[PDB]
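S.K.: my complex, part one, positions kept as in the full thing:
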Amino acid sequence: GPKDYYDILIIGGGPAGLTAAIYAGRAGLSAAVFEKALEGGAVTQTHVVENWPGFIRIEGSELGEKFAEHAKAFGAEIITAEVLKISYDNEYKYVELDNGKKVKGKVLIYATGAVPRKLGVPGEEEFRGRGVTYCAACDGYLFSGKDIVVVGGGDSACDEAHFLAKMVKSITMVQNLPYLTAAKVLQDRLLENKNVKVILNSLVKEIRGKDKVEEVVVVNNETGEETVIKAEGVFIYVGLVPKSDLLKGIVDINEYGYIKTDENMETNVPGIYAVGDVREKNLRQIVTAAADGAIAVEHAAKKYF
């Protein structure tokens, strides 16, 4: 049940948006968080979070809820709804929800995240959090001393494989094309890592295990031959998808779908900011999303009110 007006409209209820909500409430500003799925965002889809300072080891779903409760403690209203359209006039911003309701605000914080592309193979969903992950920074440590697979051969896959090789026993990369697509510099760093092996022109067919991941079945695109790779973890890096379509044609977006902003997180449209993983940036973590949300609201609190 949203009201007609809020000082700040926040699209997305992941760490970026929820931090923005916390900062908005503690700036004396009314705020609405529109979240189509689960409050907490991607955190709710991770097993344990070990890199949110202050919590040594906490379940992602629990942390996400802590974030949502914190935002509500200070006044923000979390609304379960999908935002379908965004528009703006001289000084107000508007959103239309999937329930027909239209909401007005002075400022809009866009925090829709960026979703990892999936493999779409058996075992991928089943083992999420039990060997299957899409974030090396987040979970790599958990795989120290283990054999793992990294799927993909682009910038992210090669960059994160290099990162992981310092901790994991071995990496088998599975790349679909007959070559790696990552920048040479990124590929060059991988050659330092003798505990890394690359399998080209192949796809993951299935991910198998009992309680946790135990094997990955790979199939060659040319021959169809199948190989069984023993592994305890699968890090998937076959692409990321920023959820910026609501702002396509409204704000400057880069070639890959990520929203451009200045140092205050502001887009080229006054009063519209982009925070967290949907923004053009290098490191997508809970702490960098939180920092973006803080920066944006602090700046807006002073500039537009």
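M.R.: Structure received. Residues are numbered from 1 along each chain as shown, chains lettered A, B, ... in the order given.
S.K.: helices of the stretch 201-305 of chain A, start to end?
M.R.: Remark: helices assigned in the stretch 201-305 of chain A by DSSP state H, counting those that start in this stretch are A:286-303.
S.K.: please enumerate the strands of it.
M.R.: Listed in chain order, the strands of the stretch 201-305 of chain A (DSSP state E, counting those that start in this stretch) span A:202-209, A:213-220, A:226-230, A:233-236, A:240-242, A:272-274.
S.K.: helices or strands next to the second one in the packing?
M.R.: Contacting strand A:213-220 under the criterion 3 or more CB pairs under 8 Å, 6 or more residues apart in numbering; DSSP states H and E are the following elements: strand A:170-174, strand A:202-209, strand A:226-230, strand A:233-236. Heads up, the C-betas are built off the backbone N, CA and C, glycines and all.
S.K.: contact partners of the shortest one?
M.R.: Contact partners of strand A:233-236, identified using CB atoms under 8 Å, 6 or more residues apart in numbering, comprise A:116-119, A:124, A:127, A:131-136, A:139-140, A:142-143, A:146-152, A:160-161, A:164, A:168, A:204, A:207, A:213, A:216.
S.K.: those, buried ones only, as a PyMOL selection?
M.R.: The PyMOL command for the buried members of those (criterion: 16 or more other CB atoms under 10 Å) is given here:
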select buried, chain A and resi 116+119+124+127+131+132+133+134+135+136+139+140+142+143+146+147+148+149+150+151+152+160+161+164+168+204+207+213+216
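S.K.: in strands, which of the contacts of strand A:233-236 fall?
M.R.: A:116, A:132, A:133, A:147, A:148, A:149, A:150, A:151, A:204, A:207, A:213, A:216 (DSSP state E).
S.K.: please report how far the second one lies from residue A:157.
M.R.: Between residue A:132 and residue A:157 the distance is 15 Å, computed by CB to CB, to the nearest Å.
S.K.: then the fourth one?
M.R.: According to CB to CB, residue A:147 stands 17 Å off from residue A:157.
S.K.: deepest of the strands of the stretch 201-305 of chain A, which one?
M.R.: Comparing those by mean neighbour count (mean count of other CB atoms under 10 Å), strand A:272-274 ranks first with a mean of 28.
S.K.: helices or strands up against that one?
M.R.: Short answer (3+ CB pairs under 8 Å, 6+ apart): strand A:272-274 packs on strand A:102-110, helix A:286-303.
S.K.: give the contact list for residue A:18.
M.R.: A:33, A:39, A:40, A:41, A:67, A:68, A:70, A:71, A:293.
S.K.: now with 6 Å, please.
M.R.: A:67, A:71 (CB atoms under 6 Å, 6 or more residues apart in numbering).
S.K.: now it. Its backbone dihedrals?
M.R.: Phi and psi for residue A:18, reported as degrees, to the nearest 10, are phi -70, psi -40.
S.K.: tell me how far it lies from residue A:250.
M.R.: Distance from residue A:18 to residue A:250, by CB to CB: 23 Å.
S.K.: likewise for residue A:191?
M.R.: 43 Å.
S.K.: include chain B too:
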Amino acid sequence: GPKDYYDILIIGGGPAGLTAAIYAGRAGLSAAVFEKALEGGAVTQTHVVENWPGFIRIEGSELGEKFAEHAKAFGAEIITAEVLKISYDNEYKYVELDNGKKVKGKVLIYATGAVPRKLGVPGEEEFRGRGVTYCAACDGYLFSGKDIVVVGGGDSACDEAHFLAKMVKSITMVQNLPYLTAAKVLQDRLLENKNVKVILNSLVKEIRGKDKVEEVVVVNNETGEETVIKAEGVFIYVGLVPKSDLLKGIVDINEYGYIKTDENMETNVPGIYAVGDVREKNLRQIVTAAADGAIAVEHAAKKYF
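M.R.: Putting chain B onto the chains we already have gives this:
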């Protein structure tokens, strides 16, 4: 008891350095945190923290300790020592401590913070956390509906007074010069705030109260006349001092003492990064310091190891 070598040397144990330590441990890298005072940094000198996502209201000292315990949980070693000198060669960095010990590392993360200038008047120390504060973003909300004083008349004082005016009942600014020194744009925003009053050419003589702040005594520089201002809070903004002297002559520092860095937090010296409040930036908060520490270590983990 430090060892001779660590992959990463972190100078300062506030949120920036401790986050860097957490990320370093979870990247498979040995890390030393050198902290001359209290682990947690400035957080330990604040009453309650309400803007660290996940904790609705927590005592600063408790939060700081949580940060330190988290860094240690993942391998970092916190060393109580003051770093007195920093040097570097082809690929290593070195620090000399106040105990004579010299420590080597591959990478150095500089996270020494920025200290607010003090008034040096009676009541300032006594009432810290009970009405006296140096951070509007952090504590402003706690003063909703209250009468407060803001000391200073520069960019920060005018910017934060504007921020506070949305929540507090009234602001009396006390500026020492016969004029405000803030940029006109910042001064202009204050004129929107009719709940704000400015007293020029004056100094705070004393801050008084019982359990909490109750009054501020002001004295005019010209006449010496004293005025008693009823107030429950005192926000001091008479300058900030970045602790960058260890790197003066080593890295590019701006006109005001803040260290310059690229988007990866790296200085103009390879392998040396600056994170948190000592860096050139706009918003100095726990979350932006944490984000800097994460960014720096993630980048170094891939580039230098």
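S.K.: can you check what packs on strand A:213-220 again with chain B included?
M.R.: strand A:202-209, strand A:226-230 (3 or more CB pairs under 6 Å, 6 or more residues apart in numbering or on different chains; DSSP states H and E).
S.K.: how about the ones you listed in a markdown table, adding distance to chain B?
M.R.: Converted to a markdown table, those look like this (distance: least, CB to the nearest CB, whole Å):
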| stretch | distance to chain B |
| --- | --- |
| strand A:202-209 | 24 |
| strand A:226-230 | 22 |
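S.K.: just so I know, which of those lies nearest residue A:272?
M.R.: With CB to CB as the measure, strand A:202-209 is the member of the helices and strands packed on strand A:213-220 nearest residue A:272 (39.1 Å).
S.K.: and the angle for that closest one with strand A:213-220?
M.R.: 160 degrees (axes from the mean of the first three to the mean of the last three CA atoms, to 10 degrees).
S.K.: near chain B, which residues of the stretch 1-150 of chain A are found?
M.R.: Contacts of the stretch 1-150 of chain A with chain B, taken as CB under 6 Å from any CB of the partner chain, map to A:19, A:26, A:28, A:53, A:54, A:56, A:66, A:67, A:70, A:73, A:141.
S.K.: show me the contacts for the first one.
M.R.: Residue A:19 makes contact with A:290, A:293, A:294, B:53, according to CB atoms under 6 Å, 6 or more residues apart in numbering or on different chains.
S.K.: if you set the cut-off to 8 Å instead, what comes out?
M.R.: Listed by CB atoms under 8 Å, 6 or more residues apart in numbering or on different chains, the contact set of residue A:19 reads A:67, A:71, A:289, A:290, A:291, A:292, A:293, A:294, B:53, B:287.
S.K.: same thing with the fourth one?
M.R.: For residue A:53, the set of contacting residues under the criterion of CB under 8 Å, 6+ apart consists of A:287, B:15, B:18, B:19, B:22, B:52, B:66, B:67, B:70, B:290.
S.K.: out of the helices and strands packed on strand A:213-220, flag the one nearest residue A:103.
M.R.: Among the helices and strands packed on strand A:213-220, strand A:202-209 sits nearest to residue A:103 (CB to CB), with 41.6 Å.
S.K.: hmm, who's touching the closest one?
M.R.: A:119, A:121-124, A:126-127, A:130-132, A:149, A:151, A:174-176, A:213-221, A:226-227, A:234.
S.K.: all strands of the stretch 1-150 of chain A, in order?
M.R.: A:5-11, A:31-35, A:48-49, A:58-59, A:77-80, A:83-88, A:93-97, A:102-110, A:114-116, A:132-133, A:147-151.
S.K.: please report which of the residues of the stretch 1-150 of chain A next to chain B has the highest neighbour count.
M.R.: Counting neighbours by other CB atoms under 10 Å in any protein chain shown, the top entry in the residues of the stretch 1-150 of chain A next to chain B is residue A:19, with 34 neighbours.
S.K.: sorry, back to before: restricted to helices, list the contacts of residue A:53.
M.R.: Among the contacts of residue A:53, the ones falling in helices (DSSP state H) are A:287, B:15, B:18, B:19, B:22, B:66, B:67, B:70, B:290.
S.K.: need those in TSV with distance to residue B:111, can you?
M.R.: As requested, these are arranged in TSV below (distance: CB to CB, whole Å):
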residue	distance to residue B:111
A:287	14
B:15	8
B:18	8
B:19	9
B:22	13
B:66	18
B:67	12
B:70	15
B:290	11
